[PDB]
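See structure below.
Convention: sequence-line order gives letters A, B, ...; per-chain numbering from 1. All values below were derived from every heavy atom in this structure, side-chain atoms included, with hydrogens, water molecules and symmetry-related copies excluded.
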Amino acid sequence: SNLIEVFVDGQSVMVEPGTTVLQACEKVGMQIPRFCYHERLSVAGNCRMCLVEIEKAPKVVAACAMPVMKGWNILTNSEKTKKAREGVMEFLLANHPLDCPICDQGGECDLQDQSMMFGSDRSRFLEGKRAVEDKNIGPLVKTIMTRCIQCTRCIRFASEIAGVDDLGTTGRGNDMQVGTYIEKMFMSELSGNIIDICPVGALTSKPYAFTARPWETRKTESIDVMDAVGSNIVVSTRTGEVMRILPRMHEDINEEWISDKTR
Amino acid sequence: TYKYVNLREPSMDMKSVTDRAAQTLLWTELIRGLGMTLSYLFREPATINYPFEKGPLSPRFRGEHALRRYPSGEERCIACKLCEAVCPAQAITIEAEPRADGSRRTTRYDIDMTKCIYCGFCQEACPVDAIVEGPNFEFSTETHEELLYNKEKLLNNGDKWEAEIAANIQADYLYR
Amino acid sequence: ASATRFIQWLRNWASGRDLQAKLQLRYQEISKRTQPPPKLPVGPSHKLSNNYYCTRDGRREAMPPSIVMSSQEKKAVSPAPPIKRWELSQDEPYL
Amino acid sequence: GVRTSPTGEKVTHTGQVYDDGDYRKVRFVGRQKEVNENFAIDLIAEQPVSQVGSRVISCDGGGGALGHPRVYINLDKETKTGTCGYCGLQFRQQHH
Amino acid sequence: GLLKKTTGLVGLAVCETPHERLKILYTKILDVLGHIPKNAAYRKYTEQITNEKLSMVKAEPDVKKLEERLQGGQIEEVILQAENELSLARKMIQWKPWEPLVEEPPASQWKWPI
Amino acid sequence: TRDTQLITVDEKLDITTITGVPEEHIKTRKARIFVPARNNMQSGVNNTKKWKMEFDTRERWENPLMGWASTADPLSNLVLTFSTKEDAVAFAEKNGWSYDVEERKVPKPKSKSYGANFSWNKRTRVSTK
Amino acid sequence: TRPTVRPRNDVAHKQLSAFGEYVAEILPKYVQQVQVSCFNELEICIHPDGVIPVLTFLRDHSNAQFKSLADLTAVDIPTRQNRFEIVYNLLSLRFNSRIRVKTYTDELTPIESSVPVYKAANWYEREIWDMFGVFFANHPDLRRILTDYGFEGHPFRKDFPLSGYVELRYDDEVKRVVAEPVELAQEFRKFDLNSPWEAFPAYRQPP
Amino acid sequence: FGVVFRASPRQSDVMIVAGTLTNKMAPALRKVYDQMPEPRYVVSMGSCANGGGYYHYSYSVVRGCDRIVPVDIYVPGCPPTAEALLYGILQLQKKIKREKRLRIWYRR
Amino acid sequence: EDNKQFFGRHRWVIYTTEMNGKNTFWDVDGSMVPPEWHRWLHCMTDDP
Amino acid sequence: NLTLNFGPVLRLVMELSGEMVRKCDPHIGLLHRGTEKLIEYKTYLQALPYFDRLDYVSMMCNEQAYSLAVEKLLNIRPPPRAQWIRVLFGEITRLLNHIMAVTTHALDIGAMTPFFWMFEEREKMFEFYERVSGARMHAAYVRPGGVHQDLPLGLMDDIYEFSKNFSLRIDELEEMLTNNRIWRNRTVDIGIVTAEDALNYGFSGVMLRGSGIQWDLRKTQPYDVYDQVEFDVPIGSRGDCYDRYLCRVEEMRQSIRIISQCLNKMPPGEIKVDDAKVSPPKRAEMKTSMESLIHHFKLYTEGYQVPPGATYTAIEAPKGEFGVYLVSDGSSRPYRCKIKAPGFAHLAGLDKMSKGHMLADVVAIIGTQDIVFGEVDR
Amino acid sequence: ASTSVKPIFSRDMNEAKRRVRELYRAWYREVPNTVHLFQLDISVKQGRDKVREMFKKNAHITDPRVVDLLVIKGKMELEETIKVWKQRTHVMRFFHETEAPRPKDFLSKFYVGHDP
Ligand code: SF4
Ligand code: SF4
Ligand code: SF4
Ligand code: SF4
Ligand code: SF4
Ligand code: FES
Ligand SMILES: [K+]
Ligand SMILES: [Zn+2]
């Protein structure tokens with residue numbers, strides 16, 4: 001009817017107008033790498049990890065924000081696309097701290113995984129790294145902002161989902177910093193969710209700090225009884241002990257969020 | 001290329017036949033064997049005088065596990081569980097929590113020395129040179145429980161052998 | 001090496017060989033147990049340019065098996081040319 | 001340091017000690033409880049705060065490649081010191 | 001044309017008349033293949049290779065130079081393989097593998113990874 | 001056209017008596033057939049593509065000597081991978097296990113527009129980037 | 001060249017592709033699929049009825065002469081109707097080549113024993129029965145080879161627990177070694193190691 | 001040291017369990033222990049005999065030869081070096097040197 | 001030490017007759033060598 | 001016929017018509033440990049040590065077979081210096097195996113003295129193992145992508161000194177066995193195997209070459225750098241135990257020939273593949289680079305992903321063709337790992353080779369097959 | 001075609017039952033020898049009761065192929081006993097002499113633990 005035909009590596013896919021290159025690639029089972037894009041949050045298009053080649057075009061386009069035009073062939077694995085990914089990954093890891101052993105995100109880190117799947121295997125950064133001071137925003141979220149990759153997921157979550165416009169970016173350029181700019185606490189019934197959407201260990205659960213690694217936990221899908229909403233959760237256990245509670249997606253109940261009490 | 005090991009034709013001339021007849025009747029090749037054992041009797045034996053002499057080892061020797069410290073006395077281990085994840089025998093059990101001063105440290109570090117295969121993968125996977133396999137190979141026990149090490153035992157081994165562990169690491173870290 | 005001259009002759013004659021040149025006990029020809037520190041070389045991927053991983057990614061060049069026949073005049077062939085016959089060694093054809 | 005409980009049993013650096021009524025104290029009868037006397041928490045507190053004259057400082061733990069992964073510490077806060085995440089050494093920015 | 005003393009392989013005796021044995025065996029193989037349907041691929045191929053090994057036996061009286069042509073090792077090995085080929089063609093008549101496929105596999109029998 | 005002779009068996013397929021599993025671990029166990037939920041800490045969806053069959057959890061107790069987590073459940077670590085829901089249900093039916101099946105939860109398509117961030121009269125206008 | 005990437009050998013790949021068609025043309029009754037991998041290994045997938053015809057042809061045919069059975073094993077894929085995949089690895093000394101022949105069966109369907117073709121299959125098929133439970137018809141002596149006497153179950157099946165169901169212990173009351181249900185002082189720790197991000201796009205299965 | 005290389009089970013004084021002990025083999029190991037004249041000591045060599053070792057979690061492995069026979073000395077390693085085993089034997093000699101059978105008998 | 005002896009017999013230790021209050025005149029044990037001398041006595045180094 | 005359940009890790013159920021043997025029924029599984037099932041729960045790196053413990057006399061040859069199989073699926077290539085070390089320690093490991101095979105075979109039939117002489121040479125090759133890896137037997141040194149560490153300075157000199165004197169050690173072994181009539185009576189015409197039967201019964205290694213079959217995977221299907229070294233393949237003529245014994249003694253000589261060339265042609269360079277997504281980075285660069293630390297973290301927690309596929313990779317191990325049928329599903333843990341032990345097919349043929357011999361010959365036949373039950377049982 | 005399944009030995013339950021009775025007769029006559037060779041402390045009556053009990057468990061089967069495997073396994077089990085490949089421990093693992101009786105009712109299971 002009103003669908004248009006686009007090609008993903010040659011294969012034809014029928015998509016409705018306004019679909020982005022990232023969503024068109026999603027129908028044929030291809031997941032474009034991303035750091036800043038979240039389907040529950042507004043499109044930011046700033047990390048540039050979703051750059052993908054379009055056949056017969058000179059410039060790679062941001063897949064998360066570019067709406068797909070009829071007849072486009074999306075080259076998700078061409079050399080130009082692969083070289084675009086490595087360069088962006090090289091820039092993300094230039095100033096990133098060597099905190100993987102002491103970082104709670106180790107083992108379940110998008111920066112680690114997409115580095116091993118889409119980035120180079122070595123560094124050519126011979127300079128000194130950047131360091132940032134840590135911001136205290138309450139007893140639930142532990143901030144180590146030297147690890148932040150300025151993806152602005154937390155800012156857009158607190159503004160659009162939680163309704164609290166207390167997070168933002170202060171500064172400019174390489175010194176741009178995410179935080180409150182004042183000694184303020186980000187306490188909300190949905191605050192703990194900025195931990196899950198943060199790709200890196202910049203925002204980590206404070207109660208859960210240092211206790212377990214992702215690979216050694218057992219995931220049990222259960223339900224929440226702290227309220228009558230019935231949020232779907234995953235209960236992480238390790239050697240017969242409950243380590244933490246995570247959201248479990250359910251479009252019709254809680255999407256992918258849980259309140260602080262459930263968490 | 002190939003070669004035959006047992007494809008000779010014995011010469012059947014009278015002299016050669018009589019050479020084999022002398023070998024059969026006079027046991028020449030059997031006495032030739034007694035000569036070889038006689039010679040060994042007069043060589044110096046290769047035995048060493050253990051425990052007063054010890055077999056030679058190298059800095060890389062994989063012996064008893066141990067936990068190390070920084071020159072300040074702070075423990076090197078920051079509870080990253082890479083040794084636990086790599087250990088092919090699942091001999092390492094680790095628990096961790098924020099210490100009183102807020103540091104990332106272990107509250108349990110057990111190595112079941114009866115599950116361990118002494119592979120050394122733990123000292124390779126450690127990013128801070130905390131867990132190592134020291135040079136001691138003489139720690140046999142009289143009971144099974146004595147080989148279930150905990151953090152107190154492993155720290156004591158580090159304090160015990162730090163003088164030799166540091167010198168072995170100094171002599172081998174450039175190959176790693 | 002401490003053996004007297006007479007005992008050296010007695011063992012050599014009994015064994016039929018010169019055992020003194022090939023002692024099975026190591027004395028001083030071995031390497032020193034403390035060695036100067038090394039400086040190992042780096043591999044061919046230690047370059048600051050013209051070194052994008054996508055051009056040297058072995059795993060990503062692996063492909064699924066190619067299907068030659070699926071159930072869903074010609075010259076006969078064999079899996080490969082018949083193996084060439086071996087040659088007797090010139091070093092020592094017969095032991 | 002090691003502080004004995006009210007039953008004569010030493011408390012380890014992890015705070016573990018068997019309660020008075022615990023039956024597991026029997027395993028130490030005729031034997032000893034292995035406790036390490038060098039508490040790392042106290043030892044690292046004896047290290048002086050290094051005074052440096054720059055916003056950012058680097059720590060590898062000493063010894064170059066025999067230390068820990070080099071990390072960079074920010075010293076913009078004057079109320080507290082910059083603590084290394086690996087070795088626990090503390091750094092301070094000189095009068096600014 | 002001096003008869004070799006041994007074939008080198010244990011349990012493989014030396015054939016005194018290799019050429020006559022090969023003609024008899026290749027003749028019988030071509031005869032057995034006459035009972036297979038004309039369009040069966042086993043007939044077209046086995047006859048093809050059998051004839052060329054028969055031609056090389058009727059054009060080279062030298063055993064040493066016949067081995068260099070057939071390329072099957074010693075001439076006793078060629079005879080042994082000729083016996084095996086004859087034994088298979090006899091069995092292939094009973095099996096009749098030139099018929100269509102007995103049955104298709106389930107939809108995802110050979111799908112890997114799952 | 002199979003030469004070998006075939007017979008007819010119009011019976012429910014059941015192998016519980018030849019698999020060697022003790023009856024205690026056939027009748028009392030509850031298999032769970034599900035597609036694992038995405039680990040919410042990561043945005044990758046590669047672990048939410050195959051069907052899994054796990055079993056109900058059972059007691060774990062501390063070992064007196066060391067405090068290790070002991071168990072007596074031989075199926076505590078058993079996880080099976082399947083291509084489709086039917087393959088899992090078929091496999092649990094022939095092994096005699098009572099099973100539950102949960103329908104796959106695929107995220108619904110979303111309407112994404114970068115230009116909505118700068119709306120003129122709607123509420124989707126963001127206030128920062 | 002590229003120091004770190006395995007070089008390709010297009011000559012061997014082409015030769016094995018041609019020989020795969022050669023076998024498929026000569027045994028249409030049984031061959032179901034033929035494929036050659038990127039590292040030059042040829043696989044012939046056949047109907048289980050074609051075990052003796054196909055193997056006999058490969059062993060005896062002049063252009064094949066696969067006179068060695070390198071290995072015979074099985075793989076358990078519980079998601080398939082026919083769980084087990086029987087793999088025959090053959091070596092041809094005449095042509096210095098290898099071929100892999102694969103068939104399939106289930107818990108109740110037997111397969112014809114390959115002992116008539118290769119005598120080496122005697123002990124390999126005893127191990128498949130012992131570890132996987134596949135029954136081989138007309139085997140001269142079929143019985144357990146690796147497991148203990150009276151051992152219930154087939155360990156190498158994908159639904160068999162790692163530590164089994166029973167464990168041994170000496171009991172002083174009965175003065176013999178006894179078997180009791182398995183209890184572990186430390187339970188094996190299941191690690192979820194898979195990465196949530198796709199690694200190899202070339203194998204992406206269509207949705 | 002007085003330790004003969006190989007001794008028959010009916011002349012031996014110590015059994016050295018050197019290697020993995022599987023369920024199939026456990027009954028025959030006990031059968032040899034029961035037929036050994038006293039005094040009889042048992043030395044467990046290596047992780048597999050000690051506590052199961054690399055194969056601790058196998059369906060066919062006895063998780064330690066010390067649940068089939070009593071053990072007097074445990075020699076750790078995979079494998080223990082020839083010197084580490086000799087340390088165990090010399091450690092068994094010191095254990096035998098501390099025995100007080102006659103002294104305990106005289107005080108009954 | 002005596003370097004005219006073959007490798008392995010060119011370094012030896014005559015244990016003390018008393019260590020940590022224990023009479024070791026006859027009961028010498030390989031574990032009585034302290035770590036500093038452990039490295040030299042096992043030929044892991046050339047420097048005492 | 002009298003039945004003898006000899007029992008114990010080998011149990012032979014034999015029926016004897018007096019002195020002769022009519023049926024021999026080997027009972028195995030006394031050392032079955034489920035190595036193939038356990039590997040399915042281990043990452044590709046964690047599974048490597050399991051291959052040291054299959055044929056525990058030829059440790060580094062087993063490691064090489066599993067490394068080649070994984071590298072083939074990974075589609076990577078170890079650097080040339082790693083391939084010369086693997087061939088070098090491949091042939092040192094053949095000497096370790098053949099010393100054990102020839103001398104325990106001689107020890108079992110009464111000749112006890114050659115065992116001690118040649119085990120002072122094994123004790124010196126175990127020092128090479130311990131100097132490159134820190135372990136005397138189970139090195140875990142050969143890994144997918146190359147080797148673990150470079151040779152320590154001064155090692156190759158000691159290997160040269162060792163290889164210089166070793167040919168005399170073999171000559172002393174032959175002064176005791178080769179021409180000794182008592183040793184020729186125990187082996188000549190014992191366990192004759194015809195070439196056609198050896199192939200059908202799945203034999204490999206010296207079991208084939210002792211019967212005149214000209215086959216050796218180092219020369220027919222070469223791997224690593226075995227096509228860059230000159231050596232000869234011993235071939236027997238009678239198929240008896242004596243011919244196989246001579247073959248094993250001559251291979252020990254050709255190993256010293258290959259070792260002499262590996263030392264001279266040892267090249268410089270890195271020793272593990274310069275691809276940090278397969279081989280771990282250097283520790284020095286693991287503590288200064290973000291990419292190197294991420295890969296170190298992942299390679300040791302999750303391991304590397306092996307593309308989907310199945311391969312049968314075999315090498316000429318000292319006991320015969322040793323291979324692995326390795327199936328990869330695309331994850332970091334192998335789906336299936338069948339281990340093809342050369343002694344599994346050899347032992348299955350003990351009932352045939354022993355037909356018509358005396359009871360004391362079954363000891364000689366088992367020694368000639370060179371059976372280690374770590375690989376038979378797996 | 002769905003139920004056109006290749007047989008093992010029996011083409012219908014009638015033939016499968018024939019092999020079961022032959023197997024049962026072989027086991028029934030073997031028990032007195034097993035109790036003698038292995039020097040078991042049980043009596044012949046107890047041994048034959050166990051043989052009877054083992055057959056009764058699989059009496060609900062109606063698939064000839066499944067019955068063929070049970071008979072195939074049964075003959076294999078009998079072979080080990082006749083030839084003395086088993087030992088006294090293997091023959092006595094059918095009786096569970098060291099396993100304390102486990103409660104079967106709800107209340108007794110409720111007190112001990114959580115297992116249903
Ligand atoms: S956020 Fe990820 S990459 Fe950064 S330190 Fe933590 S685990 Fe490592
Ligand atoms: S703290 Fe986390 S979510 Fe927020 S901008 Fe930084 S990386 Fe993104
Ligand atoms: S040596 Fe290997 S098996 Fe032993 S504790 Fe270390 S990593 Fe684990
Ligand atoms: S010992 Fe090393 S690898 Fe293990 S948890 Fe501690 S820091 Fe991590
Ligand atoms: S060497 Fe290690 S793996 Fe082998 S039997 Fe001994 S403890 Fe077990
Ligand atoms: S995901 Fe598109 S720019 Fe961040
Ligand atoms: K996070
Ligand atoms: Zn530091």
Is the shortest heavy-atom distance from the side chain of [X] to the side chain of [Y] under 4.5 Å?
X	Y	result
B:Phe121	J:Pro49	yes
J:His138	B:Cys119	no
J:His148	B:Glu124	yes
B:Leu30	J:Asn180	yes
B:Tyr4	J:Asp243	no

- prompt: To the nearest 0.5 Å, how far apart are OG1 in J:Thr113 and OH in B:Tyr40?
  reply: 10.0 Å

message: Using 0.5 Å steps for rounding, measure from the CZ atom of J:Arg238 to the CG atom of B:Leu7.
response: 11.0 Å

Measure distances from [X] to the heavy atoms of chain J and classify the residue's part below 4.5 Å as side chain, backbone, both or neither.
X	value
B:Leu57	both
B:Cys126	backbone
B:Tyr118	neither
B:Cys87	backbone
B:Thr24	both

Side chain, backbone, both or neither: which part of [X] has a non-hydrogen atom closer than 4.5 Å to chain B?
X	result
J:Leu177	neither
J:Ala47	neither
J:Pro280	neither
J:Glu302	neither
J:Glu250	side chain
J:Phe297	both
J:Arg136	neither
J:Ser237	side chain
J:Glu130	both

field: J:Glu172 with B:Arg43: basic N within carboxylate O range, under 4.0 Å
entry: yes

message: Check this for me, if you would: do B:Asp129 and J:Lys287 make a salt bridge, where the nitrogen-to-carboxylate-oxygen distance has to be below 4.0 angstrom?
response: yes

- request: Decide yes or no on side-chain contact (heavy atoms from CB on, under 4.5 Å) for J:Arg131 and B:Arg60, but give the supporting numbers first.
  value: CA-CA 7 Å; J:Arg131 284 166 72 179; B:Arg60 298 177 185 188; over 6 Å; no

Could you tell me which of [options] has the largest number of non-hydrogen atom pairs under 4.5 Å with chain B?
options	value
J:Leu153, J:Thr43, J:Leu293	J:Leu153
J:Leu38, J:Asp150, J:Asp216, J:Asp52	J:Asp150
J:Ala135, J:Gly210, J:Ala140	J:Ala135
J:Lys282, J:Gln214, J:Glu123, J:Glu230	J:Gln214

- prompt: Would you say J:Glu120's side chain and B:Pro45's backbone share a donor-acceptor pair under 3.5 angstrom?
  reply: no

- prompt: Is a donor on one side and an acceptor on the other found under 3.5 Å between the side chain of J:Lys42 and the backbone of B:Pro88?
  reply: yes

message: Under a plain distance cut-off of 3.5 Å, with no hydrogens placed, do B:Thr1 and J:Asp232 share a side-chain donor-acceptor pair?
response: yes

Between [X] and [Y], what is the shortest heavy-atom contact and its length?
X	Y	answer
J:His296	B:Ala125	NE2-O, 3.1 Å
J:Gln46	B:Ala85	NE2-O, 2.7 Å
B:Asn6	J:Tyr242	ND2-CD2, 3.8 Å
B:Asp172	J:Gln149	OD2-OE1, 3.4 Å

message: Heavy-atom pairs under 4.5 Å with chain J - which of B:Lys81, B:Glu29, B:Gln90 has more of them than the others?
response: B:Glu29

task: Before giving the answer on side-chain contact (heavy atoms from CB on, under 4.5 Å), spell out for J:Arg283 and B:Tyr175 the whole-Å C-alpha distance, their side-chain angles and the decisive distance to 0.1 Å.
output: CA-CA 9 Å; J:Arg283 286 185 69 86; B:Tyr175 297 95; over 6 Å; no

message: B:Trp27 vs J:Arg181, test: side-chain contact (heavy atoms from CB on, under 4.5 Å). Steps then yes/no.
response: CA-CA 9 Å; B:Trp27 304 343; J:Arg181 75 190 66 193; 3.8 Å; yes

- prompt: Do J:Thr301 and B:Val86 pass the side-chain contact (heavy atoms from CB on, under 4.5 Å) test, and can you show the C-alpha distance, the side-chain angles, and the key distance before you say yes or no?
  reply: CA-CA 6 Å; J:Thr301 58; B:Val86 79; over 6 Å; no

task: Look at atom CZ of B:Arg32 and say whether more than 12 heavy atoms of other residues, nucleotides or ligands are closer to it than 6.0 Å.
output: no

